[PDB]
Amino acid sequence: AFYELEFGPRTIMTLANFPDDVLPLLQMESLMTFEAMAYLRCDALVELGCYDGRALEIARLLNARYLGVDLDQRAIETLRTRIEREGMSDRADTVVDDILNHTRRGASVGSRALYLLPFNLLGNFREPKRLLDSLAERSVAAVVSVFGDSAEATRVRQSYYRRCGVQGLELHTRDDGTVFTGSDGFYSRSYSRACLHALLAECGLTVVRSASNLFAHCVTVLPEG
């Protein structure tokens, strides 16, 4: 709903609106994704909500296939021009579509694809089970990066979302995370290590690696079967 707005994806994904304490989250998920690709021998990387290809360099340096899924057409156009200039036109592609449409009805990318859900993508879903169930039913390994329920995490997010200029930004503290809502249909929540592992268990996704810094949690998961 929110990311169907003209400058909805831009305002959220532009580095200009990023506090300095966001970078640790982005670095942790990058290294987790990179190593998960190598160990599980994933010849493809499917970044759900790629924007301008935030995980293209991972797929590039492993000489793996890439697919960037996002609703922002302007950001996907940057990624298309980037793929051409880098010379990955043969082993890189982009689609302008809802990530749930791709995961449900889309075609396979390579033989073994890793599905990245970067920068608290799972937090922007009210019923995230629908997305995690489509991954589980796809029989593909996945990486899930979310914000933490620490005091420092919530502070960085509050700053981060205010720079983006989310109309009617309201903080809602819960036991298993902190939820930020906006008048423009903006929804985003953080996760506790326990809640995230519990949610993934409910959707039949086994945790093999689990990294957690001050700001973020990142987990590599395998579908049961």
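Don't overthink the numbering: it's just position in the shown sequence, from 1.
Taking the mean C-alpha B-factor of each stretch as recorded, 193 to 201 and 32 to 40 are not equal, and the higher mean is that of 193 to 201. Stretches 3 to 11 and 216 to 224 differ in mean C-alpha B factor, with the higher average recorded for 3 to 11. Of the candidates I58, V69, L169, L26, the deposited coordinates give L169 the top C-alpha B factor. Per-chain ranking of the deposited C-alpha B factor places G148 in the middle third.
For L116, the recorded CA temperature factor ranks within the lowest third of the chain's modelled residues.
Looking at the C-alpha B-factors along this chain, the one for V179 belongs to the middle third. Among the modelled residues of the chain, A142 sits in the lowest third by CA temperature factor in this PDB entry. For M88, the recorded CA temperature factor ranks within the highest third of the chain's modelled residues.
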